[PDB]
Amino acid sequence: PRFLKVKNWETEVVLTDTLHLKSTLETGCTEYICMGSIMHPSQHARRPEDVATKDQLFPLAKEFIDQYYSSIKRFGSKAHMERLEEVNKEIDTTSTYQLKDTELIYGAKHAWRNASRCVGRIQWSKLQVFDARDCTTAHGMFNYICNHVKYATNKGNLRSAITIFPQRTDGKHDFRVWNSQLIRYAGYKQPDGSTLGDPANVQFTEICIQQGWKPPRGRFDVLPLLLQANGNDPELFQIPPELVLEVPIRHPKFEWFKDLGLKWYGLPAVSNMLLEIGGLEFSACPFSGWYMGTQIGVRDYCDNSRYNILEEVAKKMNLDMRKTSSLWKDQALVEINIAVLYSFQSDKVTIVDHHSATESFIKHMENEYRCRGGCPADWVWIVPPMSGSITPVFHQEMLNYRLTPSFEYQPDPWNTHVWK
Amino acid sequence: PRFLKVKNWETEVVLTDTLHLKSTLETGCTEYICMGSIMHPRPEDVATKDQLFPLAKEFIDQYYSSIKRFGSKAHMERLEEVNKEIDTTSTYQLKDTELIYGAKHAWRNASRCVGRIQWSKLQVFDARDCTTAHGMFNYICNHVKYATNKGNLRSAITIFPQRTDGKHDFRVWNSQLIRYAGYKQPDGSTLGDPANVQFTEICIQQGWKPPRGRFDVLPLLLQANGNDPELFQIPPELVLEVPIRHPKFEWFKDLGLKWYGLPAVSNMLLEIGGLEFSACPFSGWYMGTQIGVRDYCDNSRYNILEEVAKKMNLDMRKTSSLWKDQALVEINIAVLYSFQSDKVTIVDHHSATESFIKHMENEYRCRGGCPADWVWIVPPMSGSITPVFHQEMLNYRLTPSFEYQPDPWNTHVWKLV
Ligand code: HEM
Ligand code: HEM
Ligand SMILES: C[C@H](O)[C@H](O)[C@H]1CNc2nc(N)[nH]c(=O)c2N1
Ligand SMILES: C[C@H](O)[C@H](O)[C@H]1CNc2nc(N)[nH]c(=O)c2N1
Ligand SMILES: [Zn+2]
C-alpha cells in the first residue's frame, strides 16, 4: 500500500485506491493465502462476544460519530463534541447508545455503499430508511415489514428500502427475521426423497411447518414471515398476498414457456443480515432493492420430483442432453434469463440485466475512486453467474476490503435460539 | 494455523487444507486487503548465492521427500553437490529427474489452471543443451508435432536453458507457439486476431513478410542466450487447424472461421529450486471457452460475436435481449462441435470443471490441499451452473511454479546495429 492501482484490462483504465487505508476488519487473506472465494473468510469482529464494556464500545462509537461529522464538514464542531459527550454518558448509563435519525440514515446508506459484494451500489445514496427501533413485538415487526414491502414494491416501480429494528442489547433479546428473504417460496421434501418447490428453502419451510404453518403444498407457496422480537420465540405471520407482487414468466419467442406455469416475486428483500454501525448491531434490518435478472433462481425450481426447470426448458427446446459439450445447460440458461427479463419488463416491474448492472457498477467504481479514493469490490461476487467475460466487470481488477458501517452475516437464529 | 477448511455450498463437502502451510511466496493480499482479482500483484536480478542456497535446499528437500528418500545419503549428497555448485558457479543444474518432477509440480501448483487433473502425465522435453534460436526452433517443432499427435493431443513442456546472469536469457517472444496474426487497417478495422496486433507489428518489424490474410499463423520469434530474437516459420503441416462450423446453423461455416488445435503457452517462466527457465513453452489442449474466435475480426470493425448475433436475427437493440449471451453460447457450441467432429482434443467447461472438482478432492486427500484461484478456475461463461462456482478455494503460491515475466521486447538489449 501507500496506494494500490486496479486496472481494467479492456479499457486500460487504472484506478488508484487510497480508501483501503481506512479498512478496519481482516479480509481473511494473508500475504501467503488468499481467501477471496471463501464465503465467510473472517471471524474478525469489531466488538467481543456479548455486552461490550465501555472501552470496547466507545472507541467504535467515536470512530463512527467522527466519520459522520466529518462527512458533513462538521468535524470538531459544537454538535460533534456534544454528540461524543452524549454517546459517552449513554454508554455509561446503559452500556449502549442510540443513533440519531441522521446517523442511522447515514450508517445504513454507507453499509450499502461499503457492501463489497453488491453490484447495485451505484444507487447507494438513494436508500429509503425506515426507523423501526421503537418496535417491541413480532406483530409490530410484521407491521413494519408489510409497510416496507408495500413501499419498496411501489406497484412494480421498486424503490430501495431498509427497515431497521431495535439493535442488539445483550444478545438474548435479539430482533430477528428468521426468513433469509422477506418473500421466498416454500421447498417441500417429498416422501420419495426429492424436493417440491424451491429446494433452497426446504429447511426453513420445515421450520415453519414445525412452528405450526399449514403448508399449501402447492406450486409457488409464499413462505410465512417468522419474526422474532426481543429474543422471544419467533411468531408466524402470513404476508397479505396483495402485497406480494409476482411476475408470470413467459418467453418472447417460445410460446410454450408460459405453459411451464412459472412465476417469481418482484421484490428481493434480504432479511438475515446484520447491519453494524459504530459498534451497534442491528440483527434485524431487512433491505430490498430490485433484482438483477440472473439472481432469479427459478431455474432451480422443481415443479415435479424427477426433473428441474433447467432440464424442463432444455427438453422443450429439444436440446441434446446426453453430453455436456452440447452446452444445453448454457442454451437453456440464457433462454430462462431472456424470459425472466422479458416478463418483468412486460409487467413493468423493475429489473436490471447483468449487462446494464455491471456497466453501471463500472461507472460506480469510477465515481467512487474519483470522489472517495476507492470502492471495495468482491470480483467473485460482482461478476455475474453467467456470461461473465462478456460483461465489463470481468476484466476489471478490484480491491476488496472491509469498511464500516457494514452489512455482516450472522448465524441462523434457529441454531442459536433458546426456546421457551 | 494448522487447518483451513473449504466448503462446497452445493454438495456440503468440506475439505481440510494443510498444504497451505508449505507456501512460501506472496499472494499479493494482505490481512486487510484482498487482491484476488489483480492480474499480477531487472535482468541483473538473478539469485545471489545466499538467496539461491535455501531455494535450492527447499526444492531438493521437497524432491527427496516426494520419492520417500528424505534425509537419505542420496538426499544429503545431492544437497552437498548442489551447494558446491552454487558456491563455485553461483548457480546449479537440475538432474533430469528433478527437472521432470519440477515441471510437473509447477503445473500441479498452477492455482489458475483448471486442467490439472492431468498434471502427472506431462511430457517433459529437456532442451537445456540448446544454444541457438535455430535449435530452439527445432525443439519447438518437435514439441508441436509430439503434442499435436494428429489431433490426439498430449501435454508437453519444452524447457530451454535456465537464466544465468539475466543478460543471456532464452525466450520465446510469442505468447503462444501458434497464434494468428492481427493487422490494424488504416480505417481502424482489424484483420485477423485483434489480440495479436502488437506482436504482429514486432514480427513485421523484425522482417517478417506478412501474408495479410485472415488466419496467418504468426512466425516464431526466438531468442537464445540473450541474443537478438530470430524469426522462423512453423512448417504449416505441423499446425493442426479446425474449421469452425455449427451443428445446426448451416451458415456458420460461411463465416470462414478456423482455429488452431494446439494451445501452447510460451511466455511464462518456470521456477524450480530458485532456477528460472525463462523459455518453457507448454501445451495441453483447449477448453472450448478459451478459443478467442469470438473476438476475431474477419473483414472489419465488427467481430464474430456481433456477426453471429446478426445471422441469428437477434434483437441487438437492447442488452436485455441477451443477444450477446445467446451468440456466445452458439459460438462455443460450434467450437466444441468442430473440434470433436475433427477428432481434435478439446474439453468443454462443464467436463473440465467437474474433473477439476474431482482433482481438487483427490489433492486434498493425498496432498493436503490444492491451491486454486476461483477467479480463474470458474469458466468465463455459465459460471454458476458449473461445479467450481460453489466450490470454495484457497489460493496460495507453491513452488515449483509458473510465473509471469515481462514481455521481452520491453527489456531486451538489442545487439544488432
Ligand atoms: C438496488 C438494486 C440492487 C441490486 C441490483 C443488487 C445486486 C446485488 C447482487 C447481484 C448481489 C450478489 C448476491 C447475489 O448474487 O444474490 C448483491 C449483494 C449484496 N447486496 Fe445488493 N443489490 C441491490 C440493492 C441493495 C441494497 C438496497 C442493499 C442494502 C441497503 C444491498 C446490499 C447488499 C449486500 C450486503 C450484499 C452482500 C449480500 C451477501 O453477502 O449475501 N443491495 N447485490
Ligand atoms: C491439458 C489440458 C489443459 C487445460 C484444459 C487447461 C486449462 C486452463 C485454463 C482454462 C486456464 C485459465 C487461463 C485461461 O483462461 O487461459 C489455465 C491456466 C493455466 N494453465 Fe492450464 N490447461 C491445460 C494444461 C496445462 C499444462 C500442460 C500446463 C503446464 C505444464 C498448464 C499450466 C497453466 C498455467 C500456468 C496457467 C496460468 C496461466 C496464467 O496465469 O495466465 N496448463 N489452464
Ligand atoms: C464458493 C463461492 O465463493 C460462493 O458460492 C460464491 C461465489 N460467488 C458468488 N457470487 C454471487 N453473486 N452469488 C453467490 O452466491 C456467489 N457464491
Ligand atoms: C480482472 C480479472 O481478474 C482478470 O481479467 C481475469 C479474471 N479471470 C480470468 N479467468 C480466466 N480463465 N481467464 C482470464 O483471462 C481471466 N481474467
Ligand atoms: Zn485475497
# chains A, B, ... in the order shown; residues from 1 in each chain; ligands from 1
$ interface_residues --of "chain A" --to "chain B" --cutoff "6 Å" --atoms "only C-alpha atoms" --output "PyMOL selection string"
chain A and resi 26-27+29-38+325+353+385-389+397-401
$ residues_near_ligand --ligand "ligand 1" --cutoff "7 Å" --atoms "only C-alpha atoms and all ligand atoms" --output "ChimeraX atom specification"
/A:108-109,111-112,115,117-121,123-124,127,160-162,287-292,295,352,357,381-382,407
$ select_by_dssp --residues "region 266-401 of chain A" --states "strand (DSSP E or B)" --output "PyMOL selection string"
chain A and resi 269-270+274-277+280-282+287-288+291-292+302+351-352+396+400
$ write_last_selection --atoms "N, CA and C atoms" --output "PDB file, in the first residue's frame"
ATOM      1  N   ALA A 269     -35.763  -9.168  -0.899  1.00  0.00           N
ATOM      2  CA  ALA A 269     -35.584  -8.392   0.325  1.00  0.00           C
ATOM      3  C   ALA A 269     -34.796  -9.247   1.306  1.00  0.00           C
ATOM      4  N   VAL A 270     -33.483  -9.030   1.346  1.00  0.00           N
ATOM      5  CA  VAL A 270     -32.623  -9.811   2.224  1.00  0.00           C
ATOM      6  C   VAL A 270     -32.898  -9.430   3.671  1.00  0.00           C
ATOM      7  N   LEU A 274     -26.892  -8.650   9.211  1.00  0.00           N
ATOM      8  CA  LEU A 274     -26.710  -7.809  10.373  1.00  0.00           C
ATOM      9  C   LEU A 274     -26.095  -6.505   9.906  1.00  0.00           C
ATOM     10  N   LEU A 275     -26.661  -5.398  10.346  1.00  0.00           N
ATOM     11  CA  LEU A 275     -26.155  -4.082   9.998  1.00  0.00           C
ATOM     12  C   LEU A 275     -25.369  -3.581  11.196  1.00  0.00           C
ATOM     13  N   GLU A 276     -24.110  -3.235  10.969  1.00  0.00           N
ATOM     14  CA  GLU A 276     -23.216  -2.825  12.039  1.00  0.00           C
ATOM     15  C   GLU A 276     -22.858  -1.364  11.837  1.00  0.00           C
ATOM     16  N   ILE A 277     -23.252  -0.526  12.788  1.00  0.00           N
ATOM     17  CA  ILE A 277     -22.958   0.899  12.752  1.00  0.00           C
ATOM     18  C   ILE A 277     -22.346   1.282  14.090  1.00  0.00           C
ATOM     19  N   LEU A 280     -22.787  -0.777  17.062  1.00  0.00           N
ATOM     20  CA  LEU A 280     -24.159  -1.228  17.246  1.00  0.00           C
ATOM     21  C   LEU A 280     -24.519  -2.273  16.197  1.00  0.00           C
ATOM     22  N   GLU A 281     -25.227  -3.308  16.634  1.00  0.00           N
ATOM     23  CA  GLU A 281     -25.564  -4.449  15.795  1.00  0.00           C
ATOM     24  C   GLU A 281     -27.075  -4.537  15.632  1.00  0.00           C
ATOM     25  N   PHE A 282     -27.546  -4.263  14.430  1.00  0.00           N
ATOM     26  CA  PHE A 282     -28.955  -4.393  14.098  1.00  0.00           C
ATOM     27  C   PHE A 282     -29.130  -5.749  13.432  1.00  0.00           C
ATOM     28  N   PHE A 287     -33.608  -5.448   4.011  1.00  0.00           N
ATOM     29  CA  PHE A 287     -33.407  -4.439   2.974  1.00  0.00           C
ATOM     30  C   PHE A 287     -33.751  -5.011   1.607  1.00  0.00           C
ATOM     31  N   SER A 288     -34.130  -4.129   0.697  1.00  0.00           N
ATOM     32  CA  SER A 288     -34.580  -4.582  -0.605  1.00  0.00           C
ATOM     33  C   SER A 288     -34.177  -3.555  -1.640  1.00  0.00           C
ATOM     34  N   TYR A 291     -34.239  -6.808  -8.517  1.00  0.00           N
ATOM     35  CA  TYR A 291     -33.497  -7.962  -8.999  1.00  0.00           C
ATOM     36  C   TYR A 291     -32.576  -7.599 -10.149  1.00  0.00           C
ATOM     37  N   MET A 292     -31.390  -8.195 -10.150  1.00  0.00           N
ATOM     38  CA  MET A 292     -30.678  -8.431 -11.392  1.00  0.00           C
ATOM     39  C   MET A 292     -31.194  -9.760 -11.920  1.00  0.00           C
ATOM     40  N   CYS A 302     -38.273 -26.728  -8.744  1.00  0.00           N
ATOM     41  CA  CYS A 302     -38.736 -28.058  -9.122  1.00  0.00           C
ATOM     42  C   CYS A 302     -40.258 -28.066  -9.141  1.00  0.00           C
ATOM     43  N   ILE A 351     -36.383  -4.327 -13.045  1.00  0.00           N
ATOM     44  CA  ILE A 351     -35.400  -5.397 -13.134  1.00  0.00           C
ATOM     45  C   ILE A 351     -34.229  -4.853 -13.934  1.00  0.00           C
ATOM     46  N   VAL A 352     -33.034  -5.381 -13.668  1.00  0.00           N
ATOM     47  CA  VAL A 352     -31.838  -4.950 -14.378  1.00  0.00           C
ATOM     48  C   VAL A 352     -31.137  -6.189 -14.914  1.00  0.00           C
ATOM     49  N   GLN A 396     -12.118  -6.196 -15.029  1.00  0.00           N
ATOM     50  CA  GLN A 396     -11.893  -5.107 -14.098  1.00  0.00           C
ATOM     51  C   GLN A 396     -11.226  -5.687 -12.859  1.00  0.00           C
ATOM     52  N   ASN A 400     -10.621  -5.700  -2.634  1.00  0.00           N
ATOM     53  CA  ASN A 400     -11.649  -5.978  -1.647  1.00  0.00           C
ATOM     54  C   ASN A 400     -11.108  -5.709  -0.250  1.00  0.00           C
TER      55      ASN A 400
END
$ select_by_dssp --residues "region 3-227 of chain A" --states "alpha helix (DSSP H)" --output "PyMOL selection string"
chain A and resi 54-71+78-94+101-113+138-153+202-210
$ write_last_selection --atoms "C-alpha atoms" --output "tab-separated table (two decimals), in the first residue's frame"
chain	number	residue	atom	x	y	z
A	54	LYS	CA	-17.15	0.85	27.64
A	55	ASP	CA	-13.61	0.64	26.26
A	56	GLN	CA	-14.88	-1.86	23.69
A	57	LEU	CA	-17.93	0.10	22.55
A	58	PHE	CA	-16.99	3.77	22.87
A	59	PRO	CA	-13.94	3.67	20.52
A	60	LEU	CA	-16.24	2.18	17.88
A	61	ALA	CA	-18.91	4.78	18.57
A	62	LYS	CA	-16.41	7.66	18.43
A	63	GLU	CA	-14.98	6.40	15.15
A	64	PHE	CA	-18.43	6.31	13.57
A	65	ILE	CA	-19.56	9.64	15.04
A	66	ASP	CA	-16.24	11.14	13.90
A	67	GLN	CA	-16.81	9.67	10.44
A	68	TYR	CA	-20.37	11.02	10.30
A	69	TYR	CA	-19.47	14.54	11.40
A	70	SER	CA	-16.52	14.59	9.01
A	71	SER	CA	-18.90	13.56	6.22
A	78	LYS	CA	-20.05	22.08	18.72
A	79	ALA	CA	-22.60	19.45	17.72
A	80	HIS	CA	-19.83	16.87	17.20
A	81	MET	CA	-18.20	17.30	20.62
A	82	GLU	CA	-21.65	17.37	22.23
A	83	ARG	CA	-22.61	14.13	20.47
A	84	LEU	CA	-19.44	12.42	21.72
A	85	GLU	CA	-20.21	13.52	25.26
A	86	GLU	CA	-23.79	12.32	24.77
A	87	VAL	CA	-22.69	8.90	23.49
A	88	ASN	CA	-20.25	8.71	26.41
A	89	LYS	CA	-22.95	9.22	29.02
A	90	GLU	CA	-25.39	6.89	27.22
A	91	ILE	CA	-22.81	4.11	27.32
A	92	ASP	CA	-22.05	4.99	30.94
A	93	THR	CA	-25.68	4.51	31.95
A	94	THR	CA	-26.96	1.86	29.51
A	101	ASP	CA	-32.02	9.57	12.83
A	102	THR	CA	-29.43	11.29	10.62
A	103	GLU	CA	-26.74	8.93	11.89
A	104	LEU	CA	-28.94	5.89	11.32
A	105	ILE	CA	-29.70	7.01	7.77
A	106	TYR	CA	-26.04	7.79	7.13
A	107	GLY	CA	-24.96	4.45	8.56
A	108	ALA	CA	-27.40	2.31	6.57
A	109	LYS	CA	-26.55	4.07	3.31
A	110	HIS	CA	-22.84	3.60	3.92
A	111	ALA	CA	-23.20	-0.04	4.90
A	112	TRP	CA	-24.70	-0.44	1.44
A	113	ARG	CA	-22.01	1.77	-0.10
A	138	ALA	CA	-43.30	-9.62	16.36
A	139	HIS	CA	-46.68	-8.13	15.43
A	140	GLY	CA	-45.06	-4.71	15.24
A	141	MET	CA	-42.26	-6.22	13.16
A	142	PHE	CA	-44.89	-7.72	10.86
A	143	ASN	CA	-46.49	-4.30	10.50
A	144	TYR	CA	-43.13	-2.64	9.80
A	145	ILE	CA	-42.30	-5.33	7.26
A	146	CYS	CA	-45.66	-5.10	5.50
A	147	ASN	CA	-45.16	-1.35	5.10
A	148	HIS	CA	-41.62	-1.95	3.83
A	149	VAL	CA	-42.89	-4.44	1.26
A	150	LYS	CA	-45.65	-2.07	0.19
A	151	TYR	CA	-43.34	0.93	-0.08
A	152	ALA	CA	-40.48	-0.92	-1.77
A	153	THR	CA	-42.72	-2.71	-4.27
A	202	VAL	CA	-36.55	-26.79	2.32
A	203	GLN	CA	-35.08	-26.41	5.80
A	204	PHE	CA	-36.81	-23.12	6.61
A	205	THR	CA	-40.09	-24.43	5.20
A	206	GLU	CA	-39.81	-27.36	7.62
A	207	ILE	CA	-39.10	-24.97	10.50
A	208	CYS	CA	-42.26	-23.05	9.58
A	209	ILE	CA	-44.24	-26.29	9.33
A	210	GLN	CA	-42.77	-27.33	12.68
$ residues_around --residues "residue 197 (chain A)" --least-positions-apart "2" --cutoff "7 Å" --atoms "only C-alpha atoms" --output "NGL selection string"
:A and (185-188 or 195 or 199 or 219-220 or 301-303)
$ write_last_selection --atoms "N, CA, C and O atoms" --output "PDB file, in the first residue's frame"
ATOM      1  N   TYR A 185     -40.263 -18.718  -1.733  1.00  0.00           N
ATOM      2  CA  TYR A 185     -41.181 -19.820  -1.948  1.00  0.00           C
ATOM      3  C   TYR A 185     -40.762 -21.038  -1.128  1.00  0.00           C
ATOM      4  O   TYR A 185     -39.575 -21.291  -0.903  1.00  0.00           O
ATOM      5  N   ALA A 186     -41.763 -21.784  -0.681  1.00  0.00           N
ATOM      6  CA  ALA A 186     -41.531 -22.976   0.114  1.00  0.00           C
ATOM      7  C   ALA A 186     -40.776 -24.035  -0.685  1.00  0.00           C
ATOM      8  O   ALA A 186     -40.884 -24.128  -1.910  1.00  0.00           O
ATOM      9  N   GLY A 187     -40.010 -24.841   0.033  1.00  0.00           N
ATOM     10  CA  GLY A 187     -39.460 -26.051  -0.529  1.00  0.00           C
ATOM     11  C   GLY A 187     -39.943 -27.245   0.261  1.00  0.00           C
ATOM     12  O   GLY A 187     -39.780 -27.286   1.484  1.00  0.00           O
ATOM     13  N   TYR A 188     -40.540 -28.217  -0.421  1.00  0.00           N
ATOM     14  CA  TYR A 188     -41.145 -29.377   0.222  1.00  0.00           C
ATOM     15  C   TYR A 188     -40.329 -30.623  -0.111  1.00  0.00           C
ATOM     16  O   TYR A 188     -40.278 -31.051  -1.272  1.00  0.00           O
ATOM     17  N   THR A 195     -37.605 -33.154  -3.978  1.00  0.00           N
ATOM     18  CA  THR A 195     -37.980 -31.847  -3.458  1.00  0.00           C
ATOM     19  C   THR A 195     -39.012 -31.179  -4.358  1.00  0.00           C
ATOM     20  O   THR A 195     -38.891 -31.210  -5.586  1.00  0.00           O
ATOM     21  N   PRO A 199     -35.879 -25.690  -3.798  1.00  0.00           N
ATOM     22  CA  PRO A 199     -35.054 -26.551  -2.929  1.00  0.00           C
ATOM     23  C   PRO A 199     -34.199 -25.789  -1.938  1.00  0.00           C
ATOM     24  O   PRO A 199     -33.804 -26.371  -0.921  1.00  0.00           O
ATOM     25  N   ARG A 219     -47.873 -24.878  -5.614  1.00  0.00           N
ATOM     26  CA  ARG A 219     -46.766 -24.599  -6.517  1.00  0.00           C
ATOM     27  C   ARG A 219     -45.845 -23.509  -5.975  1.00  0.00           C
ATOM     28  O   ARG A 219     -44.738 -23.808  -5.512  1.00  0.00           O
ATOM     29  N   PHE A 220     -46.260 -22.251  -6.018  1.00  0.00           N
ATOM     30  CA  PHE A 220     -45.400 -21.151  -5.594  1.00  0.00           C
ATOM     31  C   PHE A 220     -45.902 -20.603  -4.260  1.00  0.00           C
ATOM     32  O   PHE A 220     -46.501 -19.531  -4.185  1.00  0.00           O
ATOM     33  N   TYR A 301     -35.932 -24.205  -9.538  1.00  0.00           N
ATOM     34  CA  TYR A 301     -37.249 -24.549  -9.032  1.00  0.00           C
ATOM     35  C   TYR A 301     -37.710 -25.884  -9.605  1.00  0.00           C
ATOM     36  O   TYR A 301     -37.554 -26.156 -10.798  1.00  0.00           O
ATOM     37  N   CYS A 302     -38.273 -26.728  -8.744  1.00  0.00           N
ATOM     38  CA  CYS A 302     -38.736 -28.058  -9.122  1.00  0.00           C
ATOM     39  C   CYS A 302     -40.258 -28.066  -9.141  1.00  0.00           C
ATOM     40  O   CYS A 302     -40.897 -27.867  -8.101  1.00  0.00           O
ATOM     41  N   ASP A 303     -40.835 -28.309 -10.319  1.00  0.00           N
ATOM     42  CA  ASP A 303     -42.281 -28.419 -10.440  1.00  0.00           C
ATOM     43  C   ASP A 303     -42.796 -29.833 -10.214  1.00  0.00           C
ATOM     44  O   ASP A 303     -43.979 -30.001  -9.899  1.00  0.00           O
TER      45      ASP A 303
END
$ atom_distance --atom1 "CA of residue 290 (chain B)" --atom2 "atom 31 (C, counted along the ligand's line) of ligand 2"
13.0 Å
$ atom_distance --atom1 "CA of residue 244 (chain B)" --atom2 "atom 17 (C, counted along the ligand's line) of ligand 2"
22.2 Å
$ closest_residue --among "A:394, A:9, A:379, A:419" --to "ligand 3" --atoms "only C-alpha atoms and all ligand atoms"
A:379
$ closest_residue --among "B:310, B:179, B:78, B:212" --to "residue 95 (chain B)" --atoms "only C-alpha atoms"
B:78
$ closest_residue --among "A:360, A:53, A:294, A:406" --to "ligand 3" --atoms "only C-alpha atoms and all ligand atoms"
A:294
$ residues_near_ligand --ligand "ligand 2" --cutoff "6 Å" --atoms "only C-alpha atoms and all ligand atoms" --output "JSON, numbers by chain"
{"B": [107, 110, 112, 113, 114, 115, 155, 156, 157, 282, 283, 284, 285, 286, 287, 290, 376, 402]}
$ write_last_selection --atoms "N, CA, C and O atoms" --output "compact mmCIF listing (two decimals), in the first residue's frame"
# COMPACT_ATOMS: atom_id res chain seq x y z
N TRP B 107 3.09 -27.29 -12.85
CA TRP B 107 1.73 -27.41 -13.34
C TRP B 107 0.77 -27.77 -12.21
O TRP B 107 -0.28 -27.14 -12.05
N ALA B 110 -0.14 -24.75 -10.30
CA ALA B 110 -0.72 -23.63 -11.02
C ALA B 110 -2.16 -23.41 -10.57
O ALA B 110 -3.09 -24.02 -11.10
N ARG B 112 -4.30 -21.23 -11.05
CA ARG B 112 -5.23 -20.76 -12.07
C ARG B 112 -5.60 -21.81 -13.11
O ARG B 112 -6.40 -21.51 -14.00
N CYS B 113 -5.06 -23.03 -13.06
CA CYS B 113 -5.25 -24.00 -14.13
C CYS B 113 -6.33 -25.01 -13.77
O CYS B 113 -6.20 -25.75 -12.80
N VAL B 114 -7.40 -25.04 -14.57
CA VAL B 114 -8.48 -25.98 -14.34
C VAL B 114 -8.16 -27.37 -14.87
O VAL B 114 -8.87 -28.33 -14.54
N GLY B 115 -7.11 -27.50 -15.69
CA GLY B 115 -6.80 -28.77 -16.32
C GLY B 115 -5.83 -29.65 -15.55
O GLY B 115 -5.29 -30.60 -16.11
N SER B 155 -0.06 -33.57 -23.51
CA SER B 155 0.52 -32.43 -22.81
C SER B 155 2.04 -32.54 -22.78
O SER B 155 2.61 -33.62 -22.58
N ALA B 156 2.70 -31.41 -23.01
CA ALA B 156 4.15 -31.39 -23.11
C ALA B 156 4.68 -30.04 -22.69
O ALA B 156 3.99 -29.02 -22.80
N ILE B 157 5.92 -30.04 -22.23
CA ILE B 157 6.66 -28.81 -21.99
C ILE B 157 8.07 -29.01 -22.52
O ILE B 157 8.64 -30.10 -22.41
N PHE B 282 4.70 -24.66 -23.05
CA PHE B 282 3.98 -25.83 -22.62
C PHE B 282 2.61 -25.83 -23.26
O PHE B 282 2.09 -24.80 -23.67
N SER B 283 2.02 -27.01 -23.31
CA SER B 283 0.81 -27.17 -24.08
C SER B 283 0.03 -28.32 -23.48
O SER B 283 0.61 -29.28 -22.96
N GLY B 284 -1.28 -28.20 -23.52
CA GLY B 284 -2.13 -29.32 -23.21
C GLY B 284 -3.16 -29.39 -24.31
O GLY B 284 -2.86 -29.76 -25.44
N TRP B 285 -4.37 -28.96 -24.00
CA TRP B 285 -5.37 -28.87 -25.04
C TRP B 285 -6.41 -27.88 -24.56
O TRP B 285 -6.48 -27.54 -23.38
N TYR B 286 -7.22 -27.42 -25.50
CA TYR B 286 -8.13 -26.33 -25.20
C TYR B 286 -9.30 -26.77 -24.33
O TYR B 286 -9.82 -27.88 -24.46
N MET B 287 -9.71 -25.87 -23.44
CA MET B 287 -11.10 -25.81 -23.03
C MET B 287 -11.83 -24.90 -24.01
O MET B 287 -11.33 -23.84 -24.37
N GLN B 290 -11.81 -21.04 -24.06
CA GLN B 290 -10.58 -20.29 -24.27
C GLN B 290 -10.44 -19.77 -25.69
O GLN B 290 -9.69 -18.82 -25.91
N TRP B 376 -10.00 -17.44 -11.71
CA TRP B 376 -9.55 -18.02 -12.97
C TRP B 376 -10.06 -19.43 -13.21
O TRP B 376 -10.12 -19.85 -14.37
N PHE B 402 4.83 -21.76 -12.24
CA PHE B 402 4.86 -20.94 -13.43
C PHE B 402 4.56 -19.51 -13.03
O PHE B 402 3.61 -19.26 -12.28
$ closest_residue --among "A:169, A:404, A:346, A:391" --to "ligand 4" --atoms "only C-alpha atoms and all ligand atoms"
A:391
